[PDB]
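Chemist: how would this look folded up:
(2 chains)
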Amino acid sequence: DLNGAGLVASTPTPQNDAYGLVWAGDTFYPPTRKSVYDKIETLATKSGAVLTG
Amino acid sequence: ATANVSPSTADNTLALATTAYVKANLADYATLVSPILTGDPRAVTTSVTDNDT
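Modeler: Numbers count the residues shown, from 1 in each chain, chains lettered A, B, ... in the order given. Sure, structure below:
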């Protein structure tokens, strides 16, 4: 379900891995929109940022 | 207009200071114009021949 099967060319597929160490050195795997969104939700903006903690 | 939760007036660490915190801290100090000193204020005893303000 994640990579497929058979003797077919390894075309890239968007991975839905959580943000972390698996995100370095990929060079041919694109992220998923959920994966990007989850990390971006936890970042401060340049303008009108409401810092907490 | 970036904002952050105001730290306590006793905070003396690397936490970001807010304008409300600054006002709260300065509320305990005397201004140049018409200060009302309370308690036991002390000043330097000048010479008897001193002739200024």
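Chemist: Across the sheet, point out what pairs with the residue sitting nearest the centre point of chain A.
Modeler: Residue closest to the mean C-alpha point of chain A, counted by C-alpha atoms, centre = their mean, is residue A:31 at 3.6 Å. Beta-bridge pairing for residue A:31 (DSSP bridges): residue A:15.
Chemist: Check the gap between it and residue A:18 for me.
Modeler: Counting by C-beta to C-beta, to the nearest Å, the separation of residue A:31 from residue A:18 is 10 Å. To be clear about C-beta, it is placed using only N, CA and C from the backbone, and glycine gets the same treatment.
Chemist: Please give me every residue in contact with the residue nearest to the centre of chain A.
Modeler: Taking C-beta atoms under 8 Å, 6 or more residues apart in numbering or on different chains as the definition of contact, the neighbours of residue A:31 are A:14, A:15, A:23.
Chemist: Return the residues of chain A in contact with chain B.
Modeler: In this structure, chain A approaches chain B at residues A:47, A:48, A:49, A:50, A:51, A:52, A:53, judged by C-beta under 8 Å from any C-beta of the partner chain.
Chemist: wait, the third one sits on residue B:2?
Modeler: Spelled out, it's residue A:49. Yes - between residue A:49 and residue B:2 there is a contact at 4.7 Å, judged by C-beta atoms under 8 Å.
Chemist: Report the spatially nearest residue to the residue in chain B positioned nearest to chain A, omitting neighbours in sequence.
Modeler: Distance from chain A to each residue of chain B (C-beta to the nearest C-beta) is smallest for residue B:4, at 4.1 Å. Of all residues beyond its chain neighbours, the one nearest residue B:4 is residue A:51 (4.1 Å), with distances taken as C-beta to C-beta, 6 or more residues apart in numbering or on different chains.
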